[PDB]
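We did not get these values from a lab; they are worked out from the coordinates using the rules stated. All Cβ positions, even for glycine, are placed from backbone atoms using ideal geometry, and neighbour counts span all protein chains on display.
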Amino acid sequence: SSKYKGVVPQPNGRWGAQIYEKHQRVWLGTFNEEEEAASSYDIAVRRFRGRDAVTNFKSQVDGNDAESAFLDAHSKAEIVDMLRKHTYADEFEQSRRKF
């Protein structure tokens, strides 16, 4: 139903995100809003596929390479965990704090 890559319906009107790598599903979490799920796919596909990634949306927080650096600072598994825990955004923002 969703037009967004990676986005699947979940119960209670919620939305899941998933990515496949070589026919292996990786679950990316459950989200209240459709575009939130789509944005979670985008984070995963950027980290998983790099320059080969095709995203739902253009990135809005990578003008200074900060988000690319953040993705490149982590393993795939760490990114997946941040997405599922809904901590990715807060951890990314902390990484932008100036000292």
The stretch 8-24 residues that are closer than 16 Å to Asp81 by Cα, paired with ones that are basic (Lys, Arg) and assigned to a strand (DSSP E or B) (beta carbon under 7 Å, 6 or more apart): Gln18/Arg25
Residue list for the stretch 1-46, restricted to those being out of contact with any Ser or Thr (no Cβ under 7 Å at 6 or more places or on another chain), of a type in the set (D, E, K, R) and assigned to a loop (DSSP other than H, G, I, E, B): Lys3, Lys5, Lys22, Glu33
Selected residue (criterion: farthest from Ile19 (Cα to Cα)) from residues of the stretch 69-94 that are loosely packed, with under 12 Cβ neighbours inside 10 Å and polar (S, T, N, Q): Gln94
Close pairs (7 angstrom Cβ cut-off, 6 or more residues apart or separate chains): free of Cβ contacts under 8 Å to residues at least 40 places away in the same chain and more than 16 Å from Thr87 (Cβ to Cβ) in the stretch 26-39, among the acidic types (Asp, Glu) and surrounded by fewer than 22 Cβ atoms within 10 Å (Cβ to Cβ) anywhere: none
Residue list for the stretch 71-99, restricted to those being basic (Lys, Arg) and more than 12 Å from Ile43 (Cα to Cα): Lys85, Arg96, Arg97, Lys98
Filtered residues of the stretch 48-68 (kept if assigned to a helix (DSSP H, G or I) and either surrounded by 14 or more Cβ atoms within 10 Å (Cβ to Cβ) or not basic (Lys, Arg) (or both)): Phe48, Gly50, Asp52, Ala66, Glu67, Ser68
